[PDB]
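Take a look at this single chain in structure tokens; it is the form deposited in one PDB entry.
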């Protein structure tokens, strides 16, 4: 009876693993599972081009995973661990801004990013709530990152094996509970975008 068994690819298995960790992040209330998913988001694309299984079904599945792990999960983790009337306001504006970001990503292509990508935007928020324990600072930073996600500031995507790797060991360090390296590297990636937008 099942038909999509003929359209699933080996790369789609990894995206499914990415959705589990992103969903388990919500159910388990653990910031660590997002960092694992940020990696998963970085490899399932590499896998597809390495295994040759580039599918529009898997391309859609890639963004749906980003909706779960990088849109809903950072917003839920923001509110649940910082219960506030204002954090409620902030989580919605974030998770929406991420949803607008991915909707534009679907109508565009792999050329690059129009605004701060949602895996980076998610990493910024999640890492900030781990290090900064205050309702306001993370609620105000989520508004800032959400604006930078629906931004027009151009962002360069370069899936170098070494590039993906240097982000990976930074995220593996974050899986333990040492995300300061992931914080620095993405915030430097974010401030590299703003200067380039002003003038290359």
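Residues that one form lacks are left out of the comparison. Positions refer to the first chain, counted from 1. So that the term is clear: the rigid core is the largest set of C-alpha atoms that superpose within 1.5 Å between two forms.
The form deposited in another entry is left out here; the points below concern that form.
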property	result
From 166, 59, 136, 173, residue displaced between this form and the one not shown - CA threshold 2 Å or more, rigid core	166
Core-aligned C-alpha movement of residue 195 between this form and the one not shown, 2 Å or more	yes
Distance direction in that other deposited form for the C-alpha atoms of residue 160 and residue 14, relative to the displayed form (3 angstroms or more)	farther
Direction of the Cα shift between residue 159 and residue 185 in that other deposited form, where the change is 3 Å or more	closer
Stretches between this form and the one not shown where the CA atoms of at least 3 consecutive shared residues shift 2 Å or more, core fixed	159-166, 195-200
